[PDB]
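Values quoted throughout were computed directly from the atomic coordinates according to the rules given, and no laboratory measurement underlies them. Here Cβ is always computed from backbone atoms with ideal geometry, including for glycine, and neighbour counts include all displayed protein chains.
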RNA sequence: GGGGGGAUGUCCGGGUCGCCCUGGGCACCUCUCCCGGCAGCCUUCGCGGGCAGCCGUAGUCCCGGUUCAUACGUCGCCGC
C-alpha cells in the first residue's frame, strides 16, 4: 500500500565544486548525487543520481577528465569508479572496481 | 598538521611549482619554489613564508589565476585575500557559515564557494556578489570527512553527533514549503556542546531548493564567532516550533543558558555549575505573523511564559486546528492558552503605519494541572482533530497521567492514569485515540477507554531514546514513528514504522542506512516526508 | 485624607494623589475612602511602584491596608479582577531574583563582617 | 567574660558555656580567644543547630563574629570543616520554603487585621 | 552574500501596566508655554477663533 | 614600535621584489635599534629596545636556531655587603642605597619579615 | 488476543453465578502472579494487564443509580481487595473505565468517587492499615486526600500506624496544586474541622522546634495557607489568630536567620577546604601564597597550583613547559622571602623551606 | 551587558580595571540593582566584581564604602522582595474568595 | 581519590627496655592495581577491538615566556 520515493536532496561533500568548460555550468557533487547547475539563472539542468549501495562508504573524489571535457571521474571509499558524462547520464549503471583496501584519494 | 594545499605551476614546459599548505594551527605556509630546490646528497635551505590570520584551522587555500593573490577561507566565516605583492590583506568578512571549499574559475573572474551550511555561491571578482546561489537542506549531518579543526585537540573537540531531532513543520496554505530550524553552519551549530540553531529556513519540497532564511532567536553574524578563550559561542536554540491552523501565524520557543565553564563565581554552597546555568536560563516565546512572501514578523514576545520563583521549562506547544490558539505546557504544571486580541488600551486602537490594526497574542486561559505524586517531570500536549478537547500528558517518572481538558471552559473533562512506563517522549491525537510514546508505545482509545495496540520497544542508549519520535497524518488516519536501531556515532541505521489506526500489524517496515532525524506530515495530502542524517529528503505516500 | 483621596482617584489627578501619598493617617484615609475607587487606587499604586522602584515600602503599605479594608468590596465588583491581576504581575516582578540576590547578599555580608572586624581592631589599637 | 569562656570549652562542659551565652563585650571577648580553643566553640554551636530547626536572636552575632576572627584557624582542624559543610547543607533545607512561608505571613496579617475591623465596627455602629 | 554590519539592537524591555501612550505624548507635545495675563487681572470670559 | 621583528627574503623569480617571510615579537617594548655582524663563523643581529635586554638573533639560520636574550643587569654584580655589619649595598645613577637586615634567618623558622 | 480474555471473563462470570469465590480468587492469583502470601515491597509487584484490573474493580465494587450512585463492597472480605489497595489500582480513571456503562450520564463523577472510596476502605477496616497502605500506594487526587485526612482526624482528633499516614497525606496534599485543594477542602470540610486541622499543623510546627530557641516546613506552610484561603471570611467572620501570627513571625525570623548563617557558614567552609588544600601543597613545598594568622583574609582567595595545560590560539590545548611554569612561580614569589636550602637538597633528596613576607 | 553575557566576555570586560573605574561600575551596580527589569544582569556584574576585586578592600577605604553601600542596598532589596511576596499572598487570598 | 604495604617524625598505658611494637593520632617518600585525560602503531569501510604506553604536577643551556581579530559600497541638515 505505502511506497517510498527515491531520495532527493543531499549534503554537499567537501570535494571541490568543479567548473565546466566555458564557465557556464557548475558541477556539484553531493553524497549519493552529482548535479549540474547553470551559472546564469541558478537553476539545475541535470541531477545524476548515484547509487551508494557497507555502512560508511562515501564519495571520495570527483574531477573532470582532463583529456576530454564533459566527462567525470567519481570514486568512492571502496573500489568503485564512474566515468559519467554531464548533460546526460551515460555511466551510472556501469562502474569499475579497483581492488583496494579502502580508496583514500584519486586525481586525474 | 596539513589541512589543505594548493599547487600552482610556473610555466609549455614545467619550470617550477609553488605550494601553499594551509595547516591545522591556522597558518598558511607558502613554499615558493620546490623543483628548483629539490632538483639539486645536499639541498639549500628552504624556508616557507608564513601567513597567519585564521584562529582555527584554515579550511581551504587556493592561488588565484595570475598568481598575485592567495585566497583562503576558514572557520571564521571570512574569505580572506592575501595580496602577496605588498604585505596587505583584504577580505570578504561576514558570510553565512564557514568557508569549507573554494575554487577559482578557468578564467580569472569567478570564484565558487562551498559554504558549510550546504551552499554554493559563484561570486564574481570585485563585484563580490554571488552571481549564482544554490542552497540545500542545511540540517544536522553526520559527516563522512570528520572536520578540519578536529585535528589538534581544541578546548571543545568537534564531534559528529545528533543529540536531538530536527525541528520542522510543513506549512499549510503552501504544503510544498517546509520551515525548519538551522544554525549558521553545521560545524558552528554542533560546536560548543549544544545545538545552537537560532534561524529557520523555508525549504521547497517539490523542487528541492532552500527558498529563504530568517532569524528567530538573537544572532550576530557580523560579530566574532569565537570567544577570546577559543570556545565557539552558542546561540539560543529554537526547541519547539509549531504552526497555526490558518497559515498565518507561527509560534516558536528558544532557550539559551550560559556555558558550564563560564559560571565559576556564582557558586556559593551546594550549587554546581550545571545548577547555576540552569538557574540562569532565558526562555522566550515569540509569535510570528507569516506574510505572503514567507517573511516572518514579530507580534509579541513573552519573556517569562511559565513563571514561579524561577522560570520554568516549556515542554510542548500545539495549535488548535479549529481556531487561532496556541496551548503551551510548562514545568510549573499549568497549561496556558494564548489567543490574539487587538491592541486597544482605552478604546484608542494602535495601528500599523499603513492602517491595519496591530494584533497581539496573550494568555486567554490558564488551566492548572492535577498532579499525583507517588513515593523531573516532562510534558506533552495535543489538540483533537476537531478542537474542543486538548489532551495534556503530564510526566513525572513512571507514574504519569493524561488530562483531557475542554477549551471553551477551563474544566477538566477527563483524567487517565497508569498508561506510561517511563518518561513521556511524545503524544499525538488521531481521530479518537491518543498515540503516545514513553519507553512503551501505546495507542489508547478514549471514546472506548481501551488501549488497542501496545508495544515494548527495544532497550537502547539515551541518545537514541531521545532521537525516537512520531508523527500523525490526520488525513488518512495513520501514524508513523522513527527509531534508530541499537552514545551515537556515524554508522547507525534507522527504521520507520507506518501503522494504521485500527490494527497491530505495521503497514510498512523499511530500514534506512543512515539515521532519520525528522518525520513530518504533509497537510494537504496523505503520506509523510522524512529527512535523513546524511541530509537527504524523501517522501512516502500510499497508493 | 479620605475626601481628598476620593477626589484624586475620581478625577484622575496627580498632584492631589501624590501629596496625599507622600504622607494612622493612611488607615483613616483608606477607611474613609469610597468603595468604588479601590480598584482605581490599586492600579494607580501598581503604576507608581513599577515606574519607580525606590518607593516600595510605603506603596506596599498602602496596597496592604487597602486589601485589608476593602476585601469583599473588590469581590462584589468581580468583573474587575484584572486590576488585581496587574498587581500580581507587578509584585511577581518585584519578587523576581531572590535566590541569586540572597547568594550575593551572603557574599557581601562576609566582606562587611571582615571590614567591621578590622575597624573593631583599629579602634582599640 | 574573656576568661570564663576559655575554661568552659576545654573540658567539653555542657553547663558553663550557657552561662556566658546569654550575656560589644561579646565582640571584645572572642578577639582574645585562643584559636584552637575557638574551634571548640564552633563545634557545639554547629552541633545544636544541626540536630533541630529553630532560632536564636543572640547566636547570629555569636557565630559570625567567631568565623571572621577565628575562621583562619579552621585549616588546622579537618574535623570541623566537614561539620560546617553539612551544617550549611541543612541550612539550605530550611531556606527552600521561605517563599511559601512568607505568603502564610501575609494571610495572617490580612485576617487578623480584618477580624479587628469588624470588632471595631460593632463599637462604631 | 556578505551580511551587512548591523549595530547592537537596543532591548525592547517590557512596560508596566500604565505606559505613557501615543496620545499622552501627543498632548504633552504642546510644549512651548506663554502665559499672557489680562489687563487688571480680569478673569477670562471667552476665547474663540473662526472656522 | 609594535614590539615586532619581521624578516624578509627576496621573492623567487622576479628581481628586486621582497616579501615578509615571518614576524615575531621578541621584545617587550619597542625595538629602537639593531645592528648586524657576519664574520668568523658568526652571523648575528643584535636588537636593543626599551626593555634594556639586547636580543641576539641568528641571521643566516633564522627560523632554525633559538634567539638569545642577554641580561639587562650589568656584568659587574653592583651589590656589595658588609657581612659583619649585615649591610647590603647597591649603587646607580648618583645614589648608594644601603639596607640593614637586623636579624638572622634561623629566627624566622611572616608578620616580622 | 481479545477473545481469550473474553472467554476467561465468561468463565469468571460462570464462577460468579456458581458463587464459588475460591477458584475465582486462585485464578486472579494466577493472573496477577486460600494461602495468598505476599512479597514485602509496595514497589516489587509484577506487571498485570488493564482488562483484568478493570474486571477486578467491576466485580469488587458497586454502584447505585438513582440519578447518583454509591460504590459498595460486593466483596468486603477479599485478598483481591487488599491487593488492589497495595498495588494502587484504585484510581478514578480505573473505576470509570470499569463502570463506563452506568456512569456515562452521571455528572461530577470525580467528586462523587473521590468522596466515596476512602470512606469505603475505612469502613472495611476499622484499623485503617488498608487506608494508610492506599495513601502510600495509589495516585491520589486532592478530594481523596482531604477525605483521608478527614478520616484520620475522625479517628484521632498500635498508635503510630495512623500518624504515619497522617504524615503521608500532608506531603501529597502539599504536592497537589492550590485550586483543587482549596475547592475540595471548602467542599468536604466544616469550618471547625479546619480548626482541628490547624491545631494538628500547629502541633507539627511548634513541637518540631521552630518557635523553640537553641540554647534552651515548605510542605506544611502550603497546607496552612490553603486551609486559610479555603475557609476565608465566610467561616470566621479572636486571640487565636494573634498568637497564630506571632508564632509564624517567630518561625519566619528563624528561617531568615538560617539564610544568613547558611551563606556565611558555606563561604567559610569552602574557603577552609581550599585553604587546607593549599596549605598541604605549601607544606609539600610548591610555594603558594597562604595566609598565616587565624583570622579570615579580606579576599577569600587561595592560589591554586599551576595547571599543566595552556590554551594556545585559536583554542587549542598544549602542554605547559616547565620554563613557563618557572616564570609563573617567579611571579608568585613576593618581594622578600627566606628560602633555606638544606644539606638533603644538596644531596638531592628533599625540598627547601620557604617563609615569605605576608602580602 | 546582556550582549557581554551572551558573548562569553563579562569577566574579560571587568577583569582589567583600576580603582576609580571599579568604583564607577560598583556605583552603577548599586544604583541599578533596584529595577527588577535588569536585576539579573546587575547582580551578575556584582558577582564578578566581588570575585575579582575583594582583595584591595583594606587597601583603599573608598572602595570599602562602595562594597558596604552595595550590601546596604542589597539588604533593602530583600525586604522589598519579601514584602512583595507577603503582599502577593493577600492578592492570592482574594482571588480564591471570588470563586 | 580508595584498597593496601616498605620507610621517615611523634605523644599518651607502655615493655627486660630496645631493635621498636602493639592500641590511639597521624604528615611525607616509594611500590601496587582501579579513575580522569592524552598521544602513537596494527585490525576493520566505519563501529569498535588489540599492543607497548605517557600525564594528573613543578623552576628552564638558549628557547613556543612565542604565532592569532572580521572589508568596501556617501556624507551632512531637518521633519513625521
Percentage, to the nearest whole number, of Cα pairs in the range C:42-114 over 14 Å apart = 69 percent
Simple spin-label estimate for residue F:68 and residue B:109 in nanometres, 7 Å along Cα-Cβ = 6.0 nm
Over the C-alpha atoms of the range F:26-94, what are the Rg and the largest Cα-to-Cα span, Dmax, in Å?
-> 17.2, 53
Can you list, shortest first and in nm, the gaps between the label point of residue D:122 and those of its counterparts in the other copies, using a point 7 Å from Cα in the C-beta direction?
-> 6.2
Using only Cα atoms, locate the centre of the range F:35-61 and the centre of the range B:102-146, then give the distance between them in Å, rounded to an integer.
-> 48 Å
What's the average, rounded to a whole number, of partner chain beta-carbon atoms within 10 Å of each residue's beta-carbon in G:208-216?
-> 6
What are the nm distances, shortest first, from residue D:16 to its equivalents in the other copies, labels at 7 Å along Cα→Cβ?
-> 7.4
Per DSSP H run of n ≥ 4, the term is -39500 (n - 2.57); total these for the protein assembly as shown, divide by its residue number, and report the mean residue ellipticity at 222 nm rounded to 500 deg cm²/dmol.
-> -10500 deg cm²/dmol
Return, ordered by residue number, the residues of the range B:48-73 whose backbone nitrogen is under 20 Å from a label point located 7 Å along Cα→Cβ of residue G:312.
-> B:48-60
Sorted shortest first, the nm distances from the residue D:86 label point (7 Å along Cα→Cβ) to its counterparts in the other copies are 5.4
Report the convex hull volume per residue for chain D, counting only C-alpha atoms, in Å³.
-> 157 Å³
Inter-label distance, nm, simple model (7 Å from Cα along the C-beta direction), residue B:411/residue H:35 | 4.7 nm
Hey, fewest Cβ within 10 Å first, where do B:462, B:495, H:79 land in order?
-> B:462, H:79, B:495
Length-normalised contact order for chain H - Cα pairs under 8 Å, 6+ apart - percent | 26 percent
Shielding of G:219-231 by other chains, given as the mean Cβ count within 10 Å, works out to 5
Here D for the range B:198-297, in µm²/s, from Stokes-Einstein with a Kirkwood Rh over Cα pairs at 20 °C and 1.002 mPa s, works out to 133 µm²/s
Quote the convex hull volume per residue of the range G:1-140, based on C-alpha atoms, as a whole number of Å³.
-> 123 Å³
Using alpha-carbon pairs under 8 Å, 6+ residues apart, how would you state the relative contact order of the range G:283-351 in percent?
-> 23 percent
Would you list the P(r) distribution for the protein assembly as shown, with all Cα-Cα distances sorted into 10 Å bins from 0 and each bin expressed as a whole %?
-> 1, 6, 11, 15, 16, 16, 14, 10, 6, 3, 1, 0, 0
For chain H, the longest principal axis of the Cα atoms and the Cα long axis of helix H:39-53 enclose an angle in degrees, to the nearest 10, of 30 degrees
Over the whole of D:76-83, what's the average partner chain Cβ count within 10 Å per residue? Rounded to a whole number, please.
-> 3
Between residue G:51 and residue B:272, take the C-beta separation as r, use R0 = 60 Å, and let me know the FRET efficiency to the nearest 0.05.
-> 0.80
Residues of the range A:81-108 with amide N under 14 Å of the 7 Å Cα→Cβ point at residue B:7 = A:106-108
quick shape note, the range B:262-305: Cα extents on principal axes in Å, largest first -> 53, 19, 12
What FRET efficiency, computed as 1/(1 + (r/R0)^6) with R0 = 56 Å and r the Cβ-Cβ distance, is obtained for residue B:42 and residue B:248, rounded to the nearest 0.05?
-> 0.10
Which order do the peptides G:144-153, D:6-15 take when ranked by the mean count of other beta-carbon atoms within 10 Å per residue, highest first?
-> G:144-153, D:6-15
Calculated FRET value between residue B:346 and residue B:487, using beta carbons and R₀ = 60 Å, to 0.05 | 0.50
The exposure ranking of F:96, G:21, fewest beta-carbon neighbours within 10 Å first, is F:96, G:21
C-alpha center-to-center spacing [the range G:309-359, the range A:1-39] in angstrom = 60 Å
Taking the Cα-to-Cβ direction at residue G:192 and at residue G:37 and moving 7 Å from each Cα, how far apart do the two end points lie in nm?
-> 5.2 nm
Could you tell me the distance between the Cα centroids of the range A:58-76 and the range B:388-453, to the nearest Å?
-> 55 Å
If each residue's Cβ is checked for other Cβ atoms within 10 Å, how do G:33, B:240, G:172 rank with the fewest at the top?
-> G:33, B:240, G:172
Consider a paramagnetic label point 7 Å from the Cα of residue B:126 along Cα→Cβ; state which residues of the range B:58-75 have an amide N under 20 Å from it.
-> B:63-72
